[PDB]
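*Asks:* Contents of input32.txt (compact mmCIF, C-alpha atoms and all ligand atoms) are given next:
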# COMPACT_ATOMS: atom_id res chain seq x y z
CA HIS A 3 0.00 0.00 0.00
CA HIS A 4 2.56 2.58 -1.18
CA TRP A 5 2.02 6.26 -1.91
CA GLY A 6 0.47 7.50 -5.12
CA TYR A 7 -2.26 9.83 -6.41
CA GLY A 8 -5.41 7.72 -5.75
CA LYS A 9 -8.25 8.18 -3.14
CA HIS A 10 -6.60 5.74 -0.73
CA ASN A 11 -2.90 6.66 -1.20
CA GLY A 12 -2.89 10.27 -2.52
CA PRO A 13 -1.55 13.56 -1.16
CA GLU A 14 -3.91 13.73 1.88
CA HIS A 15 -2.45 10.35 3.07
CA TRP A 16 1.28 11.05 2.55
CA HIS A 17 1.84 12.53 6.03
CA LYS A 18 1.34 9.10 7.69
CA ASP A 19 4.53 7.65 6.07
CA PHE A 20 6.21 11.10 5.55
CA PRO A 21 5.39 13.42 8.48
CA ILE A 22 7.45 16.27 6.86
CA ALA A 23 4.35 16.53 4.58
CA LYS A 24 3.05 19.00 7.24
CA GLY A 25 6.44 20.81 7.52
CA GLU A 26 7.46 24.46 7.40
CA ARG A 27 8.68 24.67 3.75
CA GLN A 28 6.52 22.29 1.66
CA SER A 29 5.88 22.59 -2.07
CA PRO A 30 4.11 23.38 -4.28
CA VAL A 31 2.51 26.72 -3.30
CA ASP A 32 0.18 29.27 -4.83
CA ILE A 33 2.14 32.24 -6.23
CA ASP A 34 0.17 35.35 -5.34
CA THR A 35 1.58 37.75 -7.97
CA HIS A 36 0.56 40.92 -6.11
CA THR A 37 2.23 39.68 -2.75
CA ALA A 38 5.51 38.46 -4.40
CA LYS A 39 8.15 41.15 -4.02
CA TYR A 40 10.54 42.27 -6.72
CA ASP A 41 14.11 41.64 -5.41
CA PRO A 42 16.34 43.94 -7.55
CA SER A 43 19.41 42.12 -6.08
CA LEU A 44 18.33 38.77 -7.76
CA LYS A 45 20.68 37.89 -10.69
CA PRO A 46 19.55 36.69 -14.12
CA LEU A 47 19.30 32.95 -14.25
CA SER A 48 22.18 31.22 -16.13
CA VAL A 49 20.86 28.08 -17.92
CA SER A 50 23.88 26.37 -19.64
CA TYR A 51 22.42 23.31 -21.47
CA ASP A 52 24.61 23.32 -24.69
CA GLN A 53 26.62 20.19 -23.54
CA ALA A 54 23.65 18.32 -21.94
CA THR A 55 23.90 14.49 -22.41
CA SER A 56 20.49 12.77 -22.13
CA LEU A 57 20.71 9.00 -21.58
CA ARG A 58 17.37 7.36 -20.94
CA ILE A 59 13.64 7.82 -20.34
CA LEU A 60 11.96 5.89 -17.48
CA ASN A 61 8.31 5.36 -16.39
CA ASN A 62 8.78 5.19 -12.57
CA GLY A 63 5.03 4.61 -11.83
CA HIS A 64 4.49 8.33 -10.84
CA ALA A 65 5.75 10.23 -13.94
CA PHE A 66 8.33 9.74 -16.69
CA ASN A 67 11.87 10.94 -16.11
CA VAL A 68 14.36 11.98 -18.85
CA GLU A 69 17.75 11.30 -17.23
CA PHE A 70 21.09 12.99 -17.94
CA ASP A 71 24.79 12.21 -17.42
CA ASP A 72 25.57 14.30 -14.28
CA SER A 73 29.09 12.80 -13.71
CA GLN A 74 30.60 16.12 -15.02
CA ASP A 75 29.55 19.83 -15.30
CA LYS A 76 27.79 19.50 -18.71
CA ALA A 77 24.32 21.03 -18.18
CA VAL A 78 24.23 23.46 -15.23
CA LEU A 79 22.04 26.08 -13.61
CA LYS A 80 23.68 29.03 -11.85
CA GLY A 81 22.89 32.62 -10.92
CA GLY A 82 19.41 33.77 -9.97
CA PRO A 83 19.03 33.15 -6.20
CA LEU A 84 21.65 30.34 -6.27
CA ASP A 85 25.15 30.23 -4.75
CA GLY A 86 27.43 27.91 -6.81
CA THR A 87 26.76 25.38 -9.54
CA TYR A 88 23.77 23.01 -9.83
CA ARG A 89 23.99 20.06 -12.28
CA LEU A 90 21.00 18.85 -14.31
CA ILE A 91 20.16 15.21 -13.37
CA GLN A 92 16.65 14.71 -14.88
CA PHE A 93 13.41 16.35 -15.94
CA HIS A 94 9.83 15.20 -15.61
CA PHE A 95 6.29 16.57 -15.79
CA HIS A 96 3.07 16.62 -13.75
CA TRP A 97 -0.22 16.80 -15.66
CA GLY A 98 -4.00 16.58 -15.43
CA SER A 99 -6.90 14.48 -16.71
CA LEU A 100 -8.32 17.77 -18.20
CA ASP A 101 -6.62 20.90 -19.63
CA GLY A 102 -7.90 22.96 -16.62
CA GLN A 103 -5.65 21.17 -14.08
CA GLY A 104 -2.27 19.44 -13.81
CA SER A 105 0.21 22.02 -12.56
CA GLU A 106 1.55 21.83 -9.01
CA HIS A 107 2.32 25.52 -8.56
CA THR A 108 -0.56 27.86 -9.26
CA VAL A 109 -0.48 31.60 -10.16
CA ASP A 110 -3.20 33.63 -8.41
CA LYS A 111 -4.96 30.21 -7.95
CA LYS A 112 -4.80 29.53 -11.76
CA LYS A 113 -3.90 25.89 -12.61
CA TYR A 114 -2.04 25.14 -15.84
CA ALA A 115 -2.45 21.92 -17.89
CA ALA A 116 0.96 20.62 -16.79
CA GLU A 117 4.28 21.59 -15.17
CA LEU A 118 7.85 20.68 -16.23
CA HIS A 119 10.45 20.21 -13.50
CA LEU A 120 14.16 20.39 -14.45
CA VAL A 121 15.94 18.97 -11.41
CA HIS A 122 19.48 20.09 -10.49
CA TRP A 123 21.78 19.30 -7.56
CA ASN A 124 24.39 21.48 -5.82
CA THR A 125 27.84 20.16 -6.84
CA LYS A 127 29.36 21.15 -3.43
CA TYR A 128 27.57 18.03 -2.01
CA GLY A 129 29.22 15.62 -4.47
CA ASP A 130 26.16 13.39 -5.28
CA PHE A 131 22.37 13.79 -5.57
CA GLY A 132 21.73 11.51 -2.55
CA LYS A 133 23.87 13.78 -0.31
CA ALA A 134 22.35 16.96 -1.82
CA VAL A 135 18.74 16.00 -0.90
CA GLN A 136 19.81 15.94 2.82
CA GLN A 137 20.78 19.66 2.64
CA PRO A 138 18.54 22.79 2.76
CA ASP A 139 20.26 24.16 -0.38
CA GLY A 140 20.84 20.78 -2.07
CA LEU A 141 18.55 21.09 -5.11
CA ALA A 142 17.37 23.72 -7.58
CA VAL A 143 14.21 22.83 -9.50
CA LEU A 144 13.34 24.97 -12.54
CA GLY A 145 9.55 24.85 -12.97
CA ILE A 146 7.89 25.74 -16.27
CA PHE A 147 4.11 25.85 -16.82
CA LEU A 148 2.47 24.22 -19.86
CA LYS A 149 -0.69 25.61 -21.46
CA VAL A 150 -2.61 23.97 -24.30
CA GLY A 151 -2.44 25.83 -27.65
CA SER A 152 0.23 25.60 -30.36
CA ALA A 153 2.54 22.52 -30.34
CA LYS A 154 6.01 22.74 -28.77
CA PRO A 155 8.23 21.25 -31.49
CA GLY A 156 11.06 20.54 -29.02
CA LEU A 157 8.69 18.35 -26.95
CA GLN A 158 7.72 15.99 -29.84
CA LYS A 159 10.75 13.62 -29.48
CA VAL A 160 9.58 12.99 -25.86
CA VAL A 161 5.91 12.49 -26.93
CA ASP A 162 6.89 9.98 -29.63
CA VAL A 163 8.88 7.63 -27.27
CA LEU A 164 6.08 7.37 -24.60
CA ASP A 165 4.51 4.35 -26.38
CA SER A 166 7.74 2.44 -25.55
CA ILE A 167 7.49 3.19 -21.75
CA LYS A 168 3.74 2.82 -21.26
CA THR A 169 3.96 1.00 -17.93
CA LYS A 170 5.78 1.27 -14.58
CA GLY A 171 9.44 0.10 -14.70
CA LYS A 172 9.83 0.45 -18.49
CA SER A 173 12.83 2.43 -19.78
CA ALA A 174 14.12 3.31 -23.24
CA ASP A 175 17.39 4.73 -24.56
CA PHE A 176 16.92 8.51 -25.04
CA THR A 177 20.17 10.06 -26.27
CA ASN A 178 20.86 13.47 -27.86
CA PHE A 179 17.69 15.17 -26.50
CA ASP A 180 18.24 18.93 -26.14
CA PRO A 181 16.34 20.40 -23.16
CA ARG A 182 16.84 23.96 -24.54
CA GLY A 183 13.85 23.12 -26.82
CA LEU A 184 11.54 23.11 -23.74
CA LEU A 185 12.42 26.70 -22.53
CA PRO A 186 10.16 29.76 -23.03
CA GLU A 187 11.66 33.01 -24.44
CA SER A 188 11.82 34.84 -21.05
CA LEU A 189 13.73 33.61 -17.95
CA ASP A 190 11.77 35.99 -15.62
CA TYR A 191 11.00 33.93 -12.48
CA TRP A 192 9.62 33.67 -8.96
CA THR A 193 11.71 31.94 -6.29
CA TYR A 194 11.10 30.52 -2.79
CA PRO A 195 12.53 27.84 -0.49
CA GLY A 196 10.56 24.57 -0.59
CA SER A 197 10.52 20.82 -0.94
CA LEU A 198 10.22 17.84 -3.22
CA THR A 199 6.55 17.63 -4.28
CA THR A 200 6.42 13.79 -3.90
CA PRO A 201 7.59 11.54 -1.10
CA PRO A 202 10.04 11.72 0.53
CA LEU A 203 8.99 15.45 0.51
CA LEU A 204 12.49 16.53 1.64
CA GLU A 205 12.92 20.27 2.35
CA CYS A 206 15.99 20.61 0.11
CA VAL A 207 14.75 22.68 -2.89
CA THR A 208 15.30 26.23 -4.08
CA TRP A 209 12.29 26.59 -6.40
CA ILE A 210 12.68 28.77 -9.49
CA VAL A 211 9.32 29.02 -11.33
CA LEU A 212 9.33 30.79 -14.72
CA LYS A 213 6.54 33.37 -15.31
CA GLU A 214 6.18 32.59 -19.06
CA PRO A 215 4.45 29.26 -19.83
CA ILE A 216 5.28 27.14 -22.88
CA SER A 217 2.46 26.14 -25.23
CA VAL A 218 1.94 22.47 -26.11
CA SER A 219 -0.77 21.03 -28.38
CA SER A 220 -3.86 19.12 -27.23
CA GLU A 221 -2.40 16.06 -29.05
CA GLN A 222 0.92 16.33 -27.12
CA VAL A 223 -0.77 16.36 -23.67
CA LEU A 224 -3.26 13.63 -24.75
CA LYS A 225 -0.19 11.39 -25.31
CA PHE A 226 0.98 12.05 -21.71
CA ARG A 227 -2.48 10.86 -20.55
CA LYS A 228 -2.08 7.47 -22.34
CA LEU A 229 0.73 6.46 -19.99
CA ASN A 230 -0.03 4.01 -17.13
CA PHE A 231 0.66 4.10 -13.38
CA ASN A 232 0.48 0.26 -13.36
CA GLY A 233 3.08 -2.31 -14.42
CA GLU A 234 2.64 -4.48 -17.56
CA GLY A 235 0.03 -7.22 -17.07
CA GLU A 236 -1.69 -5.26 -14.25
CA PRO A 237 -5.12 -3.57 -14.48
CA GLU A 238 -4.77 -0.37 -16.58
CA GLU A 239 -4.84 2.88 -14.60
CA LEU A 240 -4.14 5.97 -16.68
CA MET A 241 -1.26 8.18 -15.49
CA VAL A 242 -3.21 11.42 -14.99
CA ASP A 243 -3.52 13.92 -12.13
CA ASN A 244 -0.02 13.15 -10.78
CA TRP A 245 0.14 16.59 -9.08
CA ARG A 246 0.21 17.63 -5.40
CA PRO A 247 -2.05 20.62 -4.59
CA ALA A 248 -0.74 23.92 -3.19
CA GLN A 249 0.58 23.73 0.40
CA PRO A 250 0.54 26.47 3.08
CA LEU A 251 3.15 29.21 2.52
CA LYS A 252 3.78 29.54 6.31
CA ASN A 253 6.79 31.76 7.12
CA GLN A 255 8.24 35.13 1.04
CA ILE A 256 8.11 34.55 -2.72
CA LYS A 257 10.57 36.87 -4.55
CA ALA A 258 10.18 38.03 -8.19
CA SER A 259 13.15 38.62 -10.54
CA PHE A 260 11.01 41.17 -12.49
CA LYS A 261 8.82 44.30 -12.03
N1 LIG A 301 8.59 16.92 -8.21
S1 LIG A 301 10.06 17.32 -7.71
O1 LIG A 301 10.81 17.93 -8.77
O2 LIG A 301 9.95 18.06 -6.49
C1 LIG A 301 10.87 15.80 -7.29
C2 LIG A 301 10.16 14.89 -6.50
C3 LIG A 301 10.74 13.72 -6.08
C4 LIG A 301 12.02 13.41 -6.40
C5 LIG A 301 12.75 14.28 -7.23
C6 LIG A 301 12.17 15.50 -7.69
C7 LIG A 301 14.19 13.99 -7.55
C8 LIG A 301 14.79 15.30 -7.10
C9 LIG A 301 15.25 15.21 -5.84
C10 LIG A 301 15.04 13.85 -5.26
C11 LIG A 301 14.79 13.01 -6.53
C12 LIG A 301 13.90 11.80 -6.26
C13 LIG A 301 14.70 10.70 -5.51
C14 LIG A 301 15.12 9.68 -6.36
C15 LIG A 301 16.20 8.86 -6.04
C16 LIG A 301 16.84 9.00 -4.84
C17 LIG A 301 16.40 9.94 -3.93
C18 LIG A 301 15.34 10.77 -4.27
CL1 LIG A 301 14.87 11.90 -3.04
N2 LIG A 301 12.62 12.26 -5.76
ZN ZN A 302 8.11 17.30 -10.08
Please, can you express the file's structure as structure tokens?
*Replies:*
Amino acid sequence: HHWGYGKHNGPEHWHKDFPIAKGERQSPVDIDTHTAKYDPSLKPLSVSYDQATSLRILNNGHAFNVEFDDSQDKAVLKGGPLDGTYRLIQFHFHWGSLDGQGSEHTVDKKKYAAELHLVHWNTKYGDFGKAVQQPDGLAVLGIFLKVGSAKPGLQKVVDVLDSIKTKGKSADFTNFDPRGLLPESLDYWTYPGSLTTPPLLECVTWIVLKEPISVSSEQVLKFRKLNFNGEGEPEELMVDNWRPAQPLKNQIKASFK
């Protein structure tokens, strides 16, 4: 009876195995745009993905992860609110059963159709497993998806999903360029938070871009054909794999006016 997104094992249950679910810096949150304060001392984000090395795509039973070689500084995030160098390890998405829901963060209570998370770890901690034990261990770049025009740089991901339909399936996924998933503007909000799934560790500097990317209805429909279940188990569509907004408790900063 492990955690998931169902009635009996979803977000309102997670605190029984993971008491930090009720902690002081949980994610996601609602971004109240009028309450966020412009921080003129915040630096532009530096997103250096030209040497990114994608390896594989995995259905882990909760989402699909596109994994990268993080054994050298090859795709890194720096600047913004960050001190030092954060290495890209993987990206994944959260999405809805309907276009009106799916994002984890919300903007003035607005839900987007989906949310992309580019996960990076602070190289001063040596490995990802050490970094998640630290309050400044991770930097997650969050990008909203709205339904409209197709995102051409997403299509190579959409077209491989048939090969990883079920939990535990993986496929080779080399030479994927994550620059094709980035909006024009790097204007962002930032706050200290957590992983949005168990183990819900409070190790994340969240950086959430203001400008969404557009994807087509056909692209997100293909996300919704994935399965939470393993092969030869009853089919349960992988939809609504998002945690709702958590209390802000004790400030969201904006990079822009
Ligand atoms: N929705 S998200 O971007 O906040 C998110 C949620 C859960 C997980 C991740 C990212 C990645 C990033 C940090 C930990 C790692 C993962 C995990 C896997 C292997 C080993 C340890 C851990 Cl903690 N769990
Ligand atoms: Zn995520």
*Asks:* Between A:47, A:91, A:134, A:153, which is the closest to residue 220 (chain A) once you count only C-alpha atoms?
*Replies:* A:153
*Asks:* Calculated over all atoms listed in the file, which of the candidates A:67, A:199, A:108, A:219 has the smallest distance to residue 246 (chain A)?
*Replies:*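 Among the listed residues, A:199 lies closest to residue 246 (chain A).
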*Asks:* For the point (18.3, 24.9, -10.2) in the file's frame, write as a list in words all residues with an atom no more than 6 Å away, counting only C-alpha atoms.
*Replies:*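 Selection result: residues 79, 88, 122, 142, 143 and 144 of chain A.
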*Asks:* At most 10 Å is the cut-off: for each residue in chain A with any atom that close to an atom of ligand ZN 302 (chain A), write down the nearest atom pair and the distance in Å rounded to one decimal, counting only C-alpha atoms and all ligand atoms, chain first then increasing number, as CSV.
*Replies:*
residue,atom,partner,partner_atom,distance
A:29,CA,A:ZN302,ZN,9.9
A:30,CA,A:ZN302,ZN,9.3
A:64,CA,A:ZN302,ZN,9.7
A:65,CA,A:ZN302,ZN,8.4
A:67,CA,A:ZN302,ZN,9.5
A:93,CA,A:ZN302,ZN,8.0
A:94,CA,A:ZN302,ZN,6.2
A:95,CA,A:ZN302,ZN,6.0
A:96,CA,A:ZN302,ZN,6.3
A:105,CA,A:ZN302,ZN,9.5
A:106,CA,A:ZN302,ZN,8.0
A:117,CA,A:ZN302,ZN,7.7
A:118,CA,A:ZN302,ZN,7.0
A:119,CA,A:ZN302,ZN,5.1
A:120,CA,A:ZN302,ZN,8.1
A:121,CA,A:ZN302,ZN,8.1
A:143,CA,A:ZN302,ZN,8.3
A:144,CA,A:ZN302,ZN,9.6
A:145,CA,A:ZN302,ZN,8.2
A:198,CA,A:ZN302,ZN,7.2
A:199,CA,A:ZN302,ZN,6.0
A:200,CA,A:ZN302,ZN,7.3
A:244,CA,A:ZN302,ZN,9.2
A:245,CA,A:ZN302,ZN,8.1
A:246,CA,A:ZN302,ZN,9.2
*Asks:* I need the residue nearest ligand LIG 301 (chain A) from this list: A:62, A:50, A:197, A:158. Use only C-alpha atoms and all ligand atoms for the distance.
*Replies:*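 Smallest separation from ligand LIG 301 (chain A) among the options: A:197.
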*Asks:* Check the smallest atom-to-atom distance from each of A:218, A:135, A:31, A:251 to ligand LIG 301 (chain A) using all atoms listed in the file, then report the winner.
*Replies:* A:135
*Asks:* In Å to one decimal, how far is CA of residue 26 (chain A) from CA of residue 92 (chain A)?
*Replies:*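 So the two atoms, CA of residue 92 (chain A) and CA of residue 26 (chain A), lie 26.0 Å apart.
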*Asks:* For ligand LIG 301 (chain A), which residue among A:69, A:221, A:239, A:214 is the nearest when counting all atoms listed in the file?
*Replies:* A:69
*Asks:* Env of residue 243 (chain A): 7 Å cut, atoms = all atoms listed in the file, seq-sep filter 5 positions within chain, self excluded. Answer as a PyMOL selection string.
*Replies:* chain A and resi 97-99+104
*Asks:* Quick one: residues within 6 Å of residue 176 (chain A), all atoms listed in the file counted, chain neighbours fewer than 3 positions away excluded, as a compact mmCIF listing (two decimals) with C-alpha atoms, keeping the file's coordinate frame?
*Replies:*
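Everything below was put into result-v6.txt:
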# COMPACT_ATOMS: atom_id res chain seq x y z
CA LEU A 57 20.71 9.00 -21.58
CA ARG A 58 17.37 7.36 -20.94
CA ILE A 59 13.64 7.82 -20.34
*Asks:* Just checking: using all atoms listed in the file, which residue out of A:89, A:182, A:107, A:170 ends up closest to residue 231 (chain A)?
*Replies:* A:170
*Asks:* What's the separation between CA of residue 114 (chain A) and CA of residue 15 (chain A), in Å to one decimal place?
*Replies:*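 Between CA of residue 114 (chain A) and CA of residue 15 (chain A) the gap is 24.0 Å.
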*Asks:* Kindly give the distance, in Å, that separates CA of residue 237 (chain A) and CA of residue 169 (chain A), rounded to a single decimal.
*Replies:*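 Separating CA of residue 237 (chain A) from CA of residue 169 (chain A) is a distance of 10.7 Å.
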*Asks:* Need to verify the contact set: residue 172 (chain A), 7 Å, only C-alpha atoms, exclusion of same-chain residues closer than 5 positions in sequence. Can you return it as a list in words?
*Replies:*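 With the cut-off at 7 Å, the set is residues 60, 61 and 167 of chain A.
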*Asks:* Mind giving me the axis-aligned box for region 217-229 of chain A with 4 Å on every side, centre plus edges in Å to one decimal, as lines of an AutoDock Vina configuration file?
*Replies:*
center_x = -0.7
center_y = 16.3
center_z = -24.5
size_x = 14.3
size_y = 27.7
size_z = 17.1
*Asks:* Model the absent atoms of region 22-48 of chain A so that N, CA, C and O atoms are present, and write the result as a PDB file, in the frame of the given file.
*Replies:*
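Now in part.pdb:
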ATOM      1  N   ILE A  22       6.941  14.965   7.386  1.00  0.00           N
ATOM      2  CA  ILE A  22       7.450  16.270   6.860  1.00  0.00           C
ATOM      3  C   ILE A  22       6.431  16.825   5.855  1.00  0.00           C
ATOM      4  O   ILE A  22       6.507  17.988   5.568  1.00  0.00           O
ATOM      5  N   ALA A  23       5.448  16.037   5.428  1.00  0.00           N
ATOM      6  CA  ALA A  23       4.350  16.530   4.580  1.00  0.00           C
ATOM      7  C   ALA A  23       3.661  17.744   5.186  1.00  0.00           C
ATOM      8  O   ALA A  23       3.062  18.554   4.459  1.00  0.00           O
ATOM      9  N   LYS A  24       3.687  17.866   6.506  1.00  0.00           N
ATOM     10  CA  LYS A  24       3.050  19.000   7.240  1.00  0.00           C
ATOM     11  C   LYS A  24       4.130  19.965   7.728  1.00  0.00           C
ATOM     12  O   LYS A  24       3.879  20.726   8.720  1.00  0.00           O
ATOM     13  N   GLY A  25       5.293  20.004   7.073  1.00  0.00           N
ATOM     14  CA  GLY A  25       6.440  20.810   7.520  1.00  0.00           C
ATOM     15  C   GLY A  25       6.307  22.288   7.189  1.00  0.00           C
ATOM     16  O   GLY A  25       5.268  22.772   6.683  1.00  0.00           O
ATOM     17  N   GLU A  26       7.400  22.987   7.466  1.00  0.00           N
ATOM     18  CA  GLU A  26       7.460  24.460   7.400  1.00  0.00           C
ATOM     19  C   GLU A  26       7.831  24.984   6.022  1.00  0.00           C
ATOM     20  O   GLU A  26       7.653  26.188   5.792  1.00  0.00           O
ATOM     21  N   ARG A  27       8.298  24.152   5.090  1.00  0.00           N
ATOM     22  CA  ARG A  27       8.680  24.670   3.750  1.00  0.00           C
ATOM     23  C   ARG A  27       8.288  23.626   2.678  1.00  0.00           C
ATOM     24  O   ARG A  27       9.144  23.217   1.851  1.00  0.00           O
ATOM     25  N   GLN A  28       7.006  23.266   2.636  1.00  0.00           N
ATOM     26  CA  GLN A  28       6.520  22.290   1.660  1.00  0.00           C
ATOM     27  C   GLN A  28       6.125  22.981   0.354  1.00  0.00           C
ATOM     28  O   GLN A  28       5.710  24.154   0.323  1.00  0.00           O
ATOM     29  N   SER A  29       6.236  22.192  -0.704  1.00  0.00           N
ATOM     30  CA  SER A  29       5.880  22.590  -2.070  1.00  0.00           C
ATOM     31  C   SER A  29       4.854  21.639  -2.671  1.00  0.00           C
ATOM     32  O   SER A  29       4.739  20.483  -2.264  1.00  0.00           O
ATOM     33  N   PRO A  30       4.088  22.046  -3.690  1.00  0.00           N
ATOM     34  CA  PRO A  30       4.110  23.380  -4.280  1.00  0.00           C
ATOM     35  C   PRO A  30       3.337  24.386  -3.437  1.00  0.00           C
ATOM     36  O   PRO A  30       2.823  24.029  -2.372  1.00  0.00           O
ATOM     37  N   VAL A  31       3.273  25.615  -3.906  1.00  0.00           N
ATOM     38  CA  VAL A  31       2.510  26.720  -3.300  1.00  0.00           C
ATOM     39  C   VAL A  31       1.781  27.493  -4.386  1.00  0.00           C
ATOM     40  O   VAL A  31       2.113  27.424  -5.577  1.00  0.00           O
ATOM     41  N   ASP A  32       0.782  28.248  -3.979  1.00  0.00           N
ATOM     42  CA  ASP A  32       0.180  29.270  -4.830  1.00  0.00           C
ATOM     43  C   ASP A  32       1.094  30.497  -4.847  1.00  0.00           C
ATOM     44  O   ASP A  32       1.591  30.926  -3.771  1.00  0.00           O
ATOM     45  N   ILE A  33       1.366  30.992  -6.031  1.00  0.00           N
ATOM     46  CA  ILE A  33       2.140  32.240  -6.230  1.00  0.00           C
ATOM     47  C   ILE A  33       1.155  33.386  -6.388  1.00  0.00           C
ATOM     48  O   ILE A  33       0.487  33.523  -7.399  1.00  0.00           O
ATOM     49  N   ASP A  34       1.025  34.148  -5.314  1.00  0.00           N
ATOM     50  CA  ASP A  34       0.170  35.350  -5.340  1.00  0.00           C
ATOM     51  C   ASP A  34       1.015  36.475  -5.946  1.00  0.00           C
ATOM     52  O   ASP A  34       1.961  36.920  -5.247  1.00  0.00           O
ATOM     53  N   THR A  35       0.720  36.842  -7.174  1.00  0.00           N
ATOM     54  CA  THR A  35       1.580  37.750  -7.970  1.00  0.00           C
ATOM     55  C   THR A  35       1.637  39.146  -7.369  1.00  0.00           C
ATOM     56  O   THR A  35       2.668  39.827  -7.538  1.00  0.00           O
ATOM     57  N   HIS A  36       0.576  39.573  -6.707  1.00  0.00           N
ATOM     58  CA  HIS A  36       0.560  40.920  -6.110  1.00  0.00           C
ATOM     59  C   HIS A  36       1.395  40.920  -4.807  1.00  0.00           C
ATOM     60  O   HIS A  36       1.991  42.007  -4.586  1.00  0.00           O
ATOM     61  N   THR A  37       1.555  39.782  -4.070  1.00  0.00           N
ATOM     62  CA  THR A  37       2.230  39.680  -2.750  1.00  0.00           C
ATOM     63  C   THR A  37       3.728  39.391  -2.986  1.00  0.00           C
ATOM     64  O   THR A  37       4.523  39.669  -2.111  1.00  0.00           O
ATOM     65  N   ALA A  38       4.096  38.768  -4.100  1.00  0.00           N
ATOM     66  CA  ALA A  38       5.510  38.460  -4.400  1.00  0.00           C
ATOM     67  C   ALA A  38       6.255  39.791  -4.460  1.00  0.00           C
ATOM     68  O   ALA A  38       5.688  40.775  -4.908  1.00  0.00           O
ATOM     69  N   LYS A  39       7.446  39.852  -3.911  1.00  0.00           N
ATOM     70  CA  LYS A  39       8.150  41.150  -4.020  1.00  0.00           C
ATOM     71  C   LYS A  39       9.306  41.064  -5.009  1.00  0.00           C
ATOM     72  O   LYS A  39      10.153  40.152  -4.936  1.00  0.00           O
ATOM     73  N   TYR A  40       9.378  42.071  -5.845  1.00  0.00           N
ATOM     74  CA  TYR A  40      10.540  42.270  -6.720  1.00  0.00           C
ATOM     75  C   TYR A  40      11.786  42.406  -5.851  1.00  0.00           C
ATOM     76  O   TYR A  40      11.802  43.264  -4.910  1.00  0.00           O
ATOM     77  N   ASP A  41      12.826  41.642  -6.153  1.00  0.00           N
ATOM     78  CA  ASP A  41      14.110  41.640  -5.410  1.00  0.00           C
ATOM     79  C   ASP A  41      15.161  42.102  -6.413  1.00  0.00           C
ATOM     80  O   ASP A  41      15.636  41.292  -7.190  1.00  0.00           O
ATOM     81  N   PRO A  42      15.491  43.415  -6.479  1.00  0.00           N
ATOM     82  CA  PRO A  42      16.340  43.940  -7.550  1.00  0.00           C
ATOM     83  C   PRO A  42      17.753  43.374  -7.430  1.00  0.00           C
ATOM     84  O   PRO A  42      18.495  43.485  -8.399  1.00  0.00           O
ATOM     85  N   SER A  43      18.098  42.790  -6.279  1.00  0.00           N
ATOM     86  CA  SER A  43      19.410  42.120  -6.080  1.00  0.00           C
ATOM     87  C   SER A  43      19.436  40.707  -6.687  1.00  0.00           C
ATOM     88  O   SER A  43      20.536  40.145  -6.738  1.00  0.00           O
ATOM     89  N   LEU A  44      18.304  40.115  -7.094  1.00  0.00           N
ATOM     90  CA  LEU A  44      18.330  38.770  -7.760  1.00  0.00           C
ATOM     91  C   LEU A  44      19.034  38.898  -9.111  1.00  0.00           C
ATOM     92  O   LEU A  44      18.694  39.816  -9.872  1.00  0.00           O
ATOM     93  N   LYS A  45      19.912  37.947  -9.417  1.00  0.00           N
ATOM     94  CA  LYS A  45      20.680  37.890 -10.690  1.00  0.00           C
ATOM     95  C   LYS A  45      19.855  37.191 -11.757  1.00  0.00           C
ATOM     96  O   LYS A  45      18.945  36.413 -11.468  1.00  0.00           O
ATOM     97  N   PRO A  46      20.116  37.490 -13.053  1.00  0.00           N
ATOM     98  CA  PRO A  46      19.550  36.690 -14.120  1.00  0.00           C
ATOM     99  C   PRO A  46      19.936  35.243 -13.868  1.00  0.00           C
ATOM    100  O   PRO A  46      21.026  34.996 -13.428  1.00  0.00           O
ATOM    101  N   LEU A  47      19.027  34.375 -14.239  1.00  0.00           N
ATOM    102  CA  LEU A  47      19.300  32.950 -14.250  1.00  0.00           C
ATOM    103  C   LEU A  47      20.361  32.715 -15.329  1.00  0.00           C
ATOM    104  O   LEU A  47      20.330  33.392 -16.359  1.00  0.00           O
ATOM    105  N   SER A  48      21.257  31.780 -15.121  1.00  0.00           N
ATOM    106  CA  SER A  48      22.180  31.220 -16.130  1.00  0.00           C
ATOM    107  C   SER A  48      21.786  29.755 -16.345  1.00  0.00           C
ATOM    108  O   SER A  48      22.051  28.887 -15.471  1.00  0.00           O
TER     109      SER A  48
END
